[PDB]
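# Close look at the chain arrangement
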Amino acid sequence: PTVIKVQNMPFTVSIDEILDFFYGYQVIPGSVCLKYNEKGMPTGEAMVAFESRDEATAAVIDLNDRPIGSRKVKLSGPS
Amino acid sequence: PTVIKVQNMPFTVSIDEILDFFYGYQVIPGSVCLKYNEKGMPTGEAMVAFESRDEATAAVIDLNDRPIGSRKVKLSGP
């Protein structure tokens, strides 16, 4: 299972919108975690996982810069 | 950049409460991320990142079974 990072999401994003964004890509549905700063507010960042390293890589290639709402999401490959 | 998982926290928890739990360890700023299940609901679980693997390892060894709220938390990884 390889985890990628998602950044620049709008602050109103929902788990469903994240799952929809990766529609067609086999993201594991209960793997999403959303980051929040020290003041308890969402940072626009998330970690999401895929069943294989090859699927994480393909999502990162094909979906980097696609939108979620009005923002182009930034994806960073597995580490 | 080494993360551990935290489980069994109360479902309503603030980042503030989590950072207190880790007071003294070097939690990477902004790396606390609350895990949501398939239904998109809170779960009392989170990923937390530390600057070094040795830091993560100590956190897990020194803080396992300590509480957040009235629940004893389970730490694992990295």
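Residues numbered from 1 in each chain as written, not as in the entry; some residues may be left out. Chains lettered and ligands numbered in written order. Heavy atoms only, no water.

Structure determination for the deposited model, as stated in its record, used X-ray crystallography, and the stated resolution is 2.00 Å.

### Comments concerning the pairing of strand β1 (residues 2-7) of chain A
Residue and element names in this part refer to chain A. Just so we agree on the cut-off: Any residue under 20% of the maximum accessible area for its type is buried, any over 50% is exposed, and the rest in between are partly exposed; the area is computed with a 1.4 Å probe on protein chains only. Put simply, DSSP marks the helices as runs of H or I at least four residues long and the strands as runs of E at least two long, and each gets a number from the N terminus on. Two strands form a pair only when DSSP identifies at least two bridges running between them.
Alternating positions in β1 separate cleanly, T2, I4 and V6 being buried on one face and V3, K5 and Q7 remaining unburied on the opposite face. Pairing between β1 and strand β3 (residues 42-50): five bridges, direction antiparallel. By the bridge assignment for β3, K5 is matched with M47. Pairing geometry for β1 and strand β6 (residues 74-76), over three bridges, is antiparallel. By the bridge assignment for β6, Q7 is matched with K74.

### Description of the interface of chain A and chain B
The cut-off we apply is this: Should any heavy atoms of two residues lie within 4.5 Å, those residues are counted as being in contact. When two parts are brought into contact, each loses some accessible area as probed by a 1.4 Å sphere; the total of that loss over both is the buried area. A pairing counts as a salt bridge when a side-chain nitrogen of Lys or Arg comes within 4 Å of a carboxyl oxygen of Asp or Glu. A 3.5 Å cut-off defines polar contacts: any pair of N or O atoms within that distance qualifies, except that in protein one atom must be a possible hydrogen donor and the other a possible acceptor, and neighbouring residues in sequence count only when both atoms are side-chain atoms. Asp, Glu, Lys and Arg are counted as charged, while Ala, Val, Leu, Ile, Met, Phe, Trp, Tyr, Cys and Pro are counted as nonpolar; the rest, among them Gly, fall into the polar class.
On the chain B side, the residues contacting the 13 residues of chain A number 14 residues. For the pairing of chain A and chain B, the buried interface totals around 1,100 Å² over both sides, and the portion due to carbon and sulfur atoms is 63%. Taken together, chain A and chain B are joined by zero salt bridges. At the surface where chain A touches chain B, the tally comes to four residue pairs in polar contact. When residues of the side of chain A that touches chain B are assigned to their parent elements, the largest contribution, four residues, is made by strand β2 (residues 33-36) of chain A. Along the lines of polarity and charge, the residues of the side of chain A that touches chain B split into eight nonpolar, three polar and two charged.

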